[PDB]
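Only one chain is shown below, in structure tokens, and it's the form deposited in one PDB entry.
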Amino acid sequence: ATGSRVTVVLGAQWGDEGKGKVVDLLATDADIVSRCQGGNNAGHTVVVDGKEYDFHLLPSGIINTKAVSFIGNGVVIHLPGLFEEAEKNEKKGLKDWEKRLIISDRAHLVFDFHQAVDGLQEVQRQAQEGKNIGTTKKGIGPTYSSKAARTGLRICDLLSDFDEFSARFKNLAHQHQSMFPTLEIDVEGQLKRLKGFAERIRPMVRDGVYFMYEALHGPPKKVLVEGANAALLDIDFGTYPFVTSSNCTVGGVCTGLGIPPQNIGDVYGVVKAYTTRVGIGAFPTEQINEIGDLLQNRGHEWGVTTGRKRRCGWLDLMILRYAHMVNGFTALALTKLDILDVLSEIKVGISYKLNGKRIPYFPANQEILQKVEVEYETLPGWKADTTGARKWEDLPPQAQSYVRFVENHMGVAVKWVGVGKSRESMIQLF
């Protein structure tokens, strides 16, 4: 009737929750593993067989040779970066990837100048207002602005008449040089490279809408959708303007792939045992102290895309319940629980107080979020190493209580618990 329903993995915080780990796991027997929104500003690390892979644009299931990796229409692609990412992983064993990667011809293109303007605008905001967004400078925002302006160019444009394309590229090139006179654009060189890219990508392009429709209404197939960024980075629902420029929430799956809501099955909310965010913006449970350094250090909290040190803090339920209100999580994945193995006590934010009084819901004005005072509940730590745990019973009593604590306050079941970096580290609960 409605066909197959896709399985979705979404970030429930400010990203870096370990989505690639849940996806790689769910990907072992998936037919299609796809990318939604965003671009290579996203950065995941997959650990399979004591082997580490850094992915940005490639769906994590690219490691599965029996599965087809798909990039949807909502994604913005930077060609030089795409192949750069792929080749970087070939050196690690990634083979025959081009033969199992499909790209929707409606995806927009991130050009080199889009990346430069991104940095330029950032430097501008940091020199004029003394405070910028903390973008990854990958040109994601500028690319989505062009998309909204309908001046941007897409995969299908690239594979179409090159003369027409070139003409459009040039027009788009000058426009950015108008609002940004100090922007340098080697138009001839970029076009030359792009023409080379056109042929390397031609065989991998397909009409995306038709591709997915056919996979969902033909014989049963397991389709997995990898979310990028996270709920609180969502352009609409995040801590605007300190967010990414795409919808990282469930709605983004429908708009990024061309599938209706009835073709969405399980939606997993990836929740890191503690909270982090890299970039500018309000962070209520942020711990800028000894505890903060400990989480950061033990969690190897560094952006894989930029390398910047991530800000760390306690789990925050306010943002998790908000994320759930928008995403409607069917189940949760609690990752990096082992990072807390050495804490005698573990605090978790349960509500935000403003001038001494609890606010009823997550605020739209991120500034108010800067003045709130977090109400914490202090749970007992387990002070034991859980990295070797492979089943629920291997977890000490207090670690188990922590898991249940989240499960009970969310009203959503925890299906996986991460105690390591390897695919085996995950603990399936049901």
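Numbering starts at 1 and follows the sequence shown. We call the rigid core whatever largest set of C-alpha positions still superposes within 1.5 Å between the two forms.
Keep in mind that the form deposited in another entry is missing from the display, and what follows is about it.
Chemist: Would you mind telling me which residue of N89, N263, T239, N73 shifts its Cα by 2 Å or more between the shown form and the other one when the core is superposed?
Modeler: Among the listed residues, the outlier is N89.
Chemist: With both forms fitted on the core, give yes or no for whether the Cα of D29 moves by 2 angstroms or more between the shown form and the other one.
Modeler: For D29, whose C-alpha is compared between the shown form and the other one after core superposition, the shift is less than 2 Å.
Chemist: Rigid core fitted, then: does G218 show a CA shift of 2 angstroms or greater between the shown form and the other one?
Modeler: No; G218 is a residue whose C-alpha shifts by less than 2 Å between the shown form and the other one when the cores are overlaid.
Chemist: Superposing on the rigid core, is the Cα displacement of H324 between the shown form and the other one 2 Å or more?
Modeler: No.
Chemist: If the CA atoms of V22 and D49 move by 3 Å or more in that other deposited form, do they move toward each other or away, so closer or farther than here?
Modeler: So the answer is farther.
Chemist: A 3 angstroms or greater change in CA distance between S246 and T306 is reported in that other deposited form. Closer or farther than in this form?
Modeler: Farther apart, which means the C-alphas of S246 and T306 are at least 3 Å more distant in that other deposited form.
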